[PDB]
Amino acid sequence: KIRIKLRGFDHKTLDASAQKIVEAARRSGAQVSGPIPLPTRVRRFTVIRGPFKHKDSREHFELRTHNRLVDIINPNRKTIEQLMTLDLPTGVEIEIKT
Amino acid sequence: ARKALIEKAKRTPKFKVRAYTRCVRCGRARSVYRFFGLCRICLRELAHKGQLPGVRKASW
Amino acid sequence: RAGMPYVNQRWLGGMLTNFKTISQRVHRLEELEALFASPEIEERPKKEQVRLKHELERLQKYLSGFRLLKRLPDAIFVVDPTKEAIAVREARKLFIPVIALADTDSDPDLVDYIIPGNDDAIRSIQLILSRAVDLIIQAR
Amino acid sequence: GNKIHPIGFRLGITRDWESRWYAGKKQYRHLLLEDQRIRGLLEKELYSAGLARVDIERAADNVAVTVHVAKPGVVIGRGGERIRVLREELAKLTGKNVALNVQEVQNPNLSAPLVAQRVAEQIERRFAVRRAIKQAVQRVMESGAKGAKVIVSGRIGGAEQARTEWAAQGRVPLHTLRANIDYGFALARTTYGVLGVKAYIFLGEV
Amino acid sequence: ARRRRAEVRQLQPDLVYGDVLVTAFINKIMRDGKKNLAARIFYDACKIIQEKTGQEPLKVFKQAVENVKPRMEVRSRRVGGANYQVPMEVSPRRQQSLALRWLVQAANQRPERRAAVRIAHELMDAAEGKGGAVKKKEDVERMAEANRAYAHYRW
Amino acid sequence: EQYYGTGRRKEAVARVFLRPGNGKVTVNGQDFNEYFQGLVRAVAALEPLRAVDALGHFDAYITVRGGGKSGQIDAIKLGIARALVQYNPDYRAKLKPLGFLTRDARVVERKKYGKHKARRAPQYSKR
RNA sequence: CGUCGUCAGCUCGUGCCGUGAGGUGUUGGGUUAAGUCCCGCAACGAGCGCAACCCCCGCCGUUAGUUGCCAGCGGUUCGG
RNA sequence: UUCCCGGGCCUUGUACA
Ligand SMILES: [Zn+2]
């Protein structure tokens, strides 16, 4: 009945945060939908290597963002008090939904 | 990338269509990216340095 | 049948003049021999194990017996002075007395203590080496 | 030749980003620009301190600057005057109530940027280039550091012609991903031009 | 190819008739990666052949191919700054390749409007022992055996 | 009852369910003759069946996704082969030689910078 | 940054040869995509390169089921 | 793999600020 959306550039920290949230929630009574891996989004930048010419060099860079889902069911009062108070790693962003 | 041009680029130019973008790092006006506000050369430098979070060399 | 070292596979260039360098190979041999006696080899994937074992067996082939030399020897015993001319030259260079079982085609000058006999005929080599070794044995 | 950056080559593994925070399409460039300003200001300010690395982090409208310095004493000052003045300076540079943190690097000989900076100092003080590179490499190699290699650009000793000097000792396997190679660059401004100093330090494996 | 022998690709046997020669011929027809079009053209031609000729189209096609297989070819060779057309025997592989290519070219050179019609006509004529394909085969053979003087350049 | 095979070929994915029946095959709720209509090659998708004198015993439910018609046919073929193997392991001994248990690993090669398409270089002349 | 060139080569420590520049190692034979490996050898080893370590595609597995899927199964009326 | 172009190896005659 309450939805957690997790975003991050890294997958290690994102997985760690997802596990922490799901564990804290499950331990606090109500059932958990669990970490659903949503498809990641990739932006590609192709830039000529040389500063002047030689347009046949074209280094490739990518920026990828990962997405998770948790979707806690039957929100416990103690659950809803423990959430919005947890501390996140430096990368992970949390969105709250009903 | 004269100083005058860099400064002129940052004012409301009496019109919308007179507005353009420059590399926020070196003032290059040619090959900038909306996402970063950096030119291609500065993009490459900062991406190699590791100062652009989440950005890595691609291989598929 | 003595504490004496020996070389019977091949004489590497500089077993005496370049003693320090070869001693490093000896140390590598001992460390590898220790490693294969350890259960810690289970890392380093099997083909890496293969190359390590090849290195070890090469080292054992060329350096078995030479392992006993902790330093420069006090004398050298050459079966054929002509054949092992490199060893003779090295020993001459390093003021190491040379004992050799020479024959007709050898140079008497380069040998400090010469035994004019045969270099072929197993029997002759057997007799001479046996007598020498027995004398060393009873001398100790 | 044209070797690529040995940090960019290993951003995925064995090396980590200097900036660690997430931002959407809307707010990426602004955060990046203020990060650029912060790095510029600290580089200008803390040169004497022996700065090696700056880390920027964001959680929720909060900035956690972490500066790795050879001598933290220089950074703090006495009674924490300097650290406080720097904190307020950064806060009024970027209105996000920053939190400056100071780390001390063990054995600055194992820091590639610090080594490069020191060699650049030596160059700017008109020392013998070859001797400087040799001493730097020897010093690095003496402090563990399984491999080391220092390159100086050109225009050696006010010469008319530019020429790479360069000296190495040990193992510097640039081609391997699991190398944990530390890279540093320094720019030496001489009365007769500019010189580049690159330092590679190979610190263990995996 | 300096090292290997460049092993020939094994083509998937036909589905209608279940033989590889038909597949090769279809491929030889197919242009711009349109294989369905080539298959339809070939089968239309086969239907035409069957409708206008006593026996099955497969036998007609096979024996036409066998009828348009040359044995002597001339190859350009450099000797003493001079260019000589040395006669050589052609392997079954090259035989079949040349046969199919020539059949297709001759079919495409006919004045008939529809591709199926042209294919059918060429196959029937080559079956009889005439047409562009057989004529080119004969010209190729006669270009050899007319310059057997150079055959000693074994090549 | 239901014997299932997956099959994959070049961005096309199949799901085949084989059940006892008269030997009628449906694809995405349509019929084989009407889905792959106008395609000569279609019947290929059924060779793994008629290789073992099927088409009298197994009705097939086919769900196919992605890729193209030909890729879909190959996916169907691999799926049917896998399902037949699952039906009876001994079948494997006779399906495998004819080359049906193999998934074609060949896919579209990625484009390279400085090339027109992945292999073709730009033309140059007048050296 | 381009290029020779993704071509396999460029050197070093100790030893040995030559008055010396220098040579050997790194010349020989087999085999490699490769100075890749093997055998011999007045050399024994090492460094930068090659290869591997990283990533994508191809088969299978555990973990998780929403906004993705529908083999079962109960109304639907076409529609997961 | 004879010839066209390029690279490497073995053997061979001229020139290297
Ligand atoms: Zn710029």
# chains A, B, ... in the order shown; residues from 1 in each chain; ligands from 1
call {"tool": "residues_near_ligand", "arguments": {"ligand": "ligand 1", "cutoff": "10 Å", "atoms": "only C-alpha atoms (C1' of nucleotides) and all ligand atoms", "output": "PyMOL selection string"}}
result
chain B and resi 1+22-32+37-46
call {"tool": "residues_around", "arguments": {"residues": "residue A:32", "least_positions_apart": "5", "cutoff": "9 Å", "atoms": "only C-alpha atoms (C1' of nucleotides)", "output": "mmCIF file with N, CA and C atoms, in the first residue's frame"}}
result
data_model
loop_
_atom_site.group_PDB
_atom_site.id
_atom_site.type_symbol
_atom_site.label_atom_id
_atom_site.label_comp_id
_atom_site.auth_asym_id
_atom_site.auth_seq_id
_atom_site.Cartn_x
_atom_site.Cartn_y
_atom_site.Cartn_z
ATOM 1 N N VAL A 22 14.230 -3.319 2.973
ATOM 2 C CA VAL A 22 13.316 -4.450 2.933
ATOM 3 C C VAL A 22 13.425 -5.260 4.225
ATOM 4 N N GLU A 23 14.645 -5.368 4.771
ATOM 5 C CA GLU A 23 14.880 -6.125 5.991
ATOM 6 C C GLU A 23 14.235 -5.427 7.185
ATOM 7 N N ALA A 25 11.795 -3.363 7.113
ATOM 8 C CA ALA A 25 10.350 -3.362 6.940
ATOM 9 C C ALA A 25 9.757 -4.727 7.286
ATOM 10 N N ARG A 26 10.373 -5.808 6.783
ATOM 11 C CA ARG A 26 9.871 -7.161 6.996
ATOM 12 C C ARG A 26 9.940 -7.523 8.478
ATOM 13 N N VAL A 70 9.951 -1.677 -4.157
ATOM 14 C CA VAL A 70 9.831 -2.380 -2.885
ATOM 15 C C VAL A 70 8.358 -2.642 -2.570
ATOM 16 N N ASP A 71 7.546 -1.575 -2.556
ATOM 17 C CA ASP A 71 6.090 -1.657 -2.513
ATOM 18 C C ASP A 71 5.621 -2.424 -1.274
ATOM 19 N N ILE A 72 5.849 -1.836 -0.094
ATOM 20 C CA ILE A 72 5.422 -2.415 1.173
ATOM 21 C C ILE A 72 3.895 -2.413 1.249
ATOM 22 N N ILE A 73 3.345 -3.536 1.729
ATOM 23 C CA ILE A 73 1.910 -3.734 1.861
ATOM 24 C C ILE A 73 1.511 -3.606 3.331
#
call {"tool": "select_by_dssp", "arguments": {"residues": "chain A", "states": "strand (DSSP E)", "output": "PDB file with N, CA and C atoms, in the first residue's frame"}}
result
ATOM      1  N   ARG A   3       4.769   2.591  -1.475  1.00  0.00           N
ATOM      2  CA  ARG A   3       5.707   2.246  -2.532  1.00  0.00           C
ATOM      3  C   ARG A   3       7.022   2.997  -2.333  1.00  0.00           C
ATOM      4  N   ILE A   4       8.124   2.242  -2.414  1.00  0.00           N
ATOM      5  CA  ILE A   4       9.470   2.788  -2.339  1.00  0.00           C
ATOM      6  C   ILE A   4      10.103   2.680  -3.723  1.00  0.00           C
ATOM      7  N   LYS A   5      10.564   3.822  -4.243  1.00  0.00           N
ATOM      8  CA  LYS A   5      11.296   3.858  -5.497  1.00  0.00           C
ATOM      9  C   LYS A   5      12.746   4.237  -5.216  1.00  0.00           C
ATOM     10  N   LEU A   6      13.674   3.388  -5.674  1.00  0.00           N
ATOM     11  CA  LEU A   6      15.095   3.582  -5.428  1.00  0.00           C
ATOM     12  C   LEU A   6      15.806   3.882  -6.744  1.00  0.00           C
ATOM     13  N   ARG A   7      16.556   4.992  -6.760  1.00  0.00           N
ATOM     14  CA  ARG A   7      17.400   5.361  -7.887  1.00  0.00           C
ATOM     15  C   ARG A   7      18.854   5.484  -7.438  1.00  0.00           C
ATOM     16  N   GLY A   8      19.765   5.241  -8.385  1.00  0.00           N
ATOM     17  CA  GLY A   8      21.191   5.351  -8.131  1.00  0.00           C
ATOM     18  C   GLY A   8      22.011   5.073  -9.385  1.00  0.00           C
ATOM     19  N   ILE A  36      12.199  -5.424  -6.703  1.00  0.00           N
ATOM     20  CA  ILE A  36      11.910  -5.690  -8.103  1.00  0.00           C
ATOM     21  C   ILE A  36      12.894  -4.891  -8.955  1.00  0.00           C
ATOM     22  N   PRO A  37      13.796  -5.556  -9.715  1.00  0.00           N
ATOM     23  CA  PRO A  37      14.720  -4.852 -10.602  1.00  0.00           C
ATOM     24  C   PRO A  37      13.992  -4.279 -11.815  1.00  0.00           C
ATOM     25  N   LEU A  38      13.934  -2.950 -11.880  1.00  0.00           N
ATOM     26  CA  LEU A  38      13.347  -2.298 -13.036  1.00  0.00           C
ATOM     27  C   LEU A  38      14.440  -2.023 -14.067  1.00  0.00           C
ATOM     28  N   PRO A  39      14.113  -1.930 -15.381  1.00  0.00           N
ATOM     29  CA  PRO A  39      15.129  -1.705 -16.412  1.00  0.00           C
ATOM     30  C   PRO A  39      15.874  -0.395 -16.182  1.00  0.00           C
ATOM     31  N   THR A  40      17.186  -0.433 -16.428  1.00  0.00           N
ATOM     32  CA  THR A  40      18.050   0.717 -16.222  1.00  0.00           C
ATOM     33  C   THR A  40      18.012   1.602 -17.465  1.00  0.00           C
ATOM     34  N   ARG A  41      18.308   2.892 -17.272  1.00  0.00           N
ATOM     35  CA  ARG A  41      18.322   3.857 -18.360  1.00  0.00           C
ATOM     36  C   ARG A  41      19.753   4.314 -18.620  1.00  0.00           C
ATOM     37  N   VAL A  42      20.139   4.296 -19.902  1.00  0.00           N
ATOM     38  CA  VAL A  42      21.500   4.575 -20.329  1.00  0.00           C
ATOM     39  C   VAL A  42      21.479   5.748 -21.304  1.00  0.00           C
ATOM     40  N   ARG A  43      22.321   6.749 -21.021  1.00  0.00           N
ATOM     41  CA  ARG A  43      22.572   7.848 -21.938  1.00  0.00           C
ATOM     42  C   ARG A  43      23.987   7.700 -22.491  1.00  0.00           C
ATOM     43  N   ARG A  44      24.112   7.811 -23.819  1.00  0.00           N
ATOM     44  CA  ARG A  44      25.382   7.631 -24.502  1.00  0.00           C
ATOM     45  C   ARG A  44      25.874   8.978 -25.021  1.00  0.00           C
ATOM     46  N   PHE A  45      27.136   9.294 -24.709  1.00  0.00           N
ATOM     47  CA  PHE A  45      27.817  10.459 -25.250  1.00  0.00           C
ATOM     48  C   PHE A  45      29.018   9.993 -26.066  1.00  0.00           C
ATOM     49  N   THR A  46      29.061  10.407 -27.336  1.00  0.00           N
ATOM     50  CA  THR A  46      30.183  10.097 -28.206  1.00  0.00           C
ATOM     51  C   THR A  46      30.898  11.393 -28.568  1.00  0.00           C
ATOM     52  N   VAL A  47      32.180  11.469 -28.199  1.00  0.00           N
ATOM     53  CA  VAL A  47      32.949  12.696 -28.335  1.00  0.00           C
ATOM     54  C   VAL A  47      34.243  12.392 -29.086  1.00  0.00           C
ATOM     55  N   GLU A  59      35.531   8.602 -28.796  1.00  0.00           N
ATOM     56  CA  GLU A  59      35.410   7.925 -27.513  1.00  0.00           C
ATOM     57  C   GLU A  59      33.942   7.888 -27.093  1.00  0.00           C
ATOM     58  N   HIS A  60      33.534   6.739 -26.535  1.00  0.00           N
ATOM     59  CA  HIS A  60      32.182   6.503 -26.056  1.00  0.00           C
ATOM     60  C   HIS A  60      32.152   6.514 -24.530  1.00  0.00           C
ATOM     61  N   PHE A  61      31.198   7.274 -23.981  1.00  0.00           N
ATOM     62  CA  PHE A  61      30.890   7.268 -22.560  1.00  0.00           C
ATOM     63  C   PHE A  61      29.409   6.955 -22.369  1.00  0.00           C
ATOM     64  N   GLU A  62      29.095   6.327 -21.232  1.00  0.00           N
ATOM     65  CA  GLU A  62      27.717   6.037 -20.870  1.00  0.00           C
ATOM     66  C   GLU A  62      27.461   6.448 -19.422  1.00  0.00           C
ATOM     67  N   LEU A  63      26.244   6.943 -19.181  1.00  0.00           N
ATOM     68  CA  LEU A  63      25.741   7.205 -17.843  1.00  0.00           C
ATOM     69  C   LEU A  63      24.465   6.395 -17.646  1.00  0.00           C
ATOM     70  N   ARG A  64      24.516   5.469 -16.685  1.00  0.00           N
ATOM     71  CA  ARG A  64      23.434   4.525 -16.460  1.00  0.00           C
ATOM     72  C   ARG A  64      22.865   4.709 -15.057  1.00  0.00           C
ATOM     73  N   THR A  65      21.532   4.785 -14.987  1.00  0.00           N
ATOM     74  CA  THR A  65      20.801   4.873 -13.734  1.00  0.00           C
ATOM     75  C   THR A  65      19.955   3.614 -13.563  1.00  0.00           C
ATOM     76  N   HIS A  66      20.015   3.036 -12.359  1.00  0.00           N
ATOM     77  CA  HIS A  66      19.266   1.833 -12.033  1.00  0.00           C
ATOM     78  C   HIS A  66      18.011   2.207 -11.248  1.00  0.00           C
ATOM     79  N   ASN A  67      17.011   1.318 -11.293  1.00  0.00           N
ATOM     80  CA  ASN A  67      15.728   1.545 -10.646  1.00  0.00           C
ATOM     81  C   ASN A  67      15.301   0.278  -9.910  1.00  0.00           C
ATOM     82  N   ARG A  68      14.839   0.454  -8.666  1.00  0.00           N
ATOM     83  CA  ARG A  68      14.324  -0.643  -7.862  1.00  0.00           C
ATOM     84  C   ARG A  68      12.893  -0.338  -7.422  1.00  0.00           C
ATOM     85  N   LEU A  69      12.205  -1.371  -6.920  1.00  0.00           N
ATOM     86  CA  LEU A  69      10.871  -1.228  -6.362  1.00  0.00           C
ATOM     87  C   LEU A  69      10.722  -2.140  -5.149  1.00  0.00           C
ATOM     88  N   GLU A  93      18.871   7.539  -3.977  1.00  0.00           N
ATOM     89  CA  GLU A  93      17.734   8.429  -3.799  1.00  0.00           C
ATOM     90  C   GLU A  93      16.467   7.598  -3.596  1.00  0.00           C
ATOM     91  N   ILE A  94      15.605   8.075  -2.685  1.00  0.00           N
ATOM     92  CA  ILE A  94      14.360   7.414  -2.325  1.00  0.00           C
ATOM     93  C   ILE A  94      13.183   8.319  -2.681  1.00  0.00           C
ATOM     94  N   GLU A  95      12.199   7.728  -3.369  1.00  0.00           N
ATOM     95  CA  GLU A  95      10.914   8.355  -3.624  1.00  0.00           C
ATOM     96  C   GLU A  95       9.826   7.565  -2.898  1.00  0.00           C
ATOM     97  N   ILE A  96       8.905   8.302  -2.266  1.00  0.00           N
ATOM     98  CA  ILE A  96       7.810   7.735  -1.495  1.00  0.00           C
ATOM     99  C   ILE A  96       6.514   7.856  -2.294  1.00  0.00           C
ATOM    100  N   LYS A  97       5.684   6.812  -2.215  1.00  0.00           N
ATOM    101  CA  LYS A  97       4.414   6.774  -2.922  1.00  0.00           C
ATOM    102  C   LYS A  97       3.376   6.034  -2.082  1.00  0.00           C
TER     103      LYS A  97
END
call {"tool": "residues_around", "arguments": {"residues": "residue F:110", "least_positions_apart": "5", "cutoff": "9 Å", "atoms": "only C-alpha atoms (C1' of nucleotides)", "output": "list in words"}}
result
residues 60 of chain B; 117 and 118 of chain F
call {"tool": "select_by_dssp", "arguments": {"residues": "chain E", "states": "helix (DSSP H, G or I)", "output": "PyMOL selection string"}}
result
chain E and resi 20-29+35-52+57-67+92-108+115-128+132-143+148-150
call {"tool": "closest_atom_pairs", "arguments": {"of": "chain A", "to": "chain F", "cutoff": "9 Å", "atoms": "only C-alpha atoms", "output": "JSON lines"}}
result
{"residue": "A:55", "atom": "CA", "partner": "F:114", "partner_atom": "CA", "distance": 8.1}
{"residue": "A:56", "atom": "CA", "partner": "F:114", "partner_atom": "CA", "distance": 5.2}
{"residue": "A:57", "atom": "CA", "partner": "F:113", "partner_atom": "CA", "distance": 7.4}
{"residue": "A:58", "atom": "CA", "partner": "F:113", "partner_atom": "CA", "distance": 6.7}
call {"tool": "residues_around", "arguments": {"residues": "residue B:8", "least_positions_apart": "5", "cutoff": "12 Å", "atoms": "only C-alpha atoms (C1' of nucleotides)", "output": "ChimeraX atom specification"}}
result
/B:1-3,13-14,18-22,27
